[PDB]
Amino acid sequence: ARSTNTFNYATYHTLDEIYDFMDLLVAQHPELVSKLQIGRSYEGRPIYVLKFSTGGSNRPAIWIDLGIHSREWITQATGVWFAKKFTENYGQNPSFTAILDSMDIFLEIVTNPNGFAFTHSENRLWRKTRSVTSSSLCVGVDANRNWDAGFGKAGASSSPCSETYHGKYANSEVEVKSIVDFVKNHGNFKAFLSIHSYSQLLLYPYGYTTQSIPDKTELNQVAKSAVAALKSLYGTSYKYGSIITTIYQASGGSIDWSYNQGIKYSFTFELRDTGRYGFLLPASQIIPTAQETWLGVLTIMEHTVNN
């Protein structure tokens, strides 16, 4: 409505509603947050990032992106809630004020604008981008199989109509390239988190290879504590481990590419639930879900600022 304070956070919103909300949030807290357009989607929709910052140099940053798979509605909704929480706790929660006084947070609420819009008017279960320009009748690419980390290897499909089709070449999707260029140009991101649904899992690299990352013992300990934190509010249980060891071999994922850029704290959360609702989580589960990942995400940020 006419305030983020009167915005309903326990209901699923449309693309316009989410873009509207960003403008109101900035309008209310211009000192702490600004909106940045990092590119345009296949269909020409602007792609935005909300940058939270108290100021400073090319400060160490924390990247978070939600909704790369459009049907996972619990994610873009969680992002909306996260944005408001960042403005509420600054100046209030000790640990969070510490992180924001030394680091910036970049939050991409609707990473896949076209697919999201499509889930609101055409197919609620659409999860890919909406790119065409190919030798097929089927459209789109699975934006989480499109990164340059083991691209084209076992773990993604080469079938255009496939829901996990990887695309013509690594980073062919503008939605993927928009993030890569922004993160690389910056050259100072210390954490890269991707948020999906469902199956309640905290993942770290890799997905495209059995090789164990050198930072495994640490990232494993970071995941272990993050899972314990999250579980504390309602008892929601997550399993954690490498992508390949605990979900499946998946190539061309964002966290493997990011970790390969040298961004150490690379993780992906697969939110609620484990299958009863899957993608159609009840609106009543939004704030509760948002509340708990906040604990697991804050743990990871705490580790990054301190380690």
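Start at 1 with the first residue shown and count on from there.
| query | Where do the C-alpha atoms have the higher mean temperature factor in this entry, in 154-162 or in 99-107? | reply | Comparing 154-162 with 99-107, the higher mean C-alpha B-factor belongs to 154-162.
Would you tell me which stretch averages the higher CA B-factor in the PDB entry, 22-30 or 236-244?
Stretch with the higher mean C-alpha B-factor: 22-30.
Out of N220, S172, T209, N114, which one has a C-alpha B factor higher than all the others in the entry?
It is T209.
| task | Choose from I179, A191, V132, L201 the residue with the greatest Cα B-factor as stated in the PDB record. | result | Out of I179, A191, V132, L201, the record gives the largest C-alpha B-factor to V132.
Could you say whether, by C-alpha temperature factor, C138 belongs to the lowest, middle or highest third of its chain? Highest third, going by the recorded CA B-factors of the chain.
So where's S53 on the chain's Cα temperature factor ranking, which third? Tercile = middle for this residue's CA B-factor.
Could you place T87 in the lowest, middle or highest third of its chain by Cα temperature factor, using the values in the record? According to the entry, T87 has a C-alpha B-factor in the chain's middle third.
| query | Comparing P205 with the other modelled residues of its chain, is its CA B-factor in the lowest, middle or highest third? | reply | Middle third, going by the recorded CA B-factors of the chain.
message = Among the modelled residues of this chain, does the Cα B factor of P282 put it in the lowest, middle or highest third?
response = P282: CA B-factor falls in the highest third of its chain.
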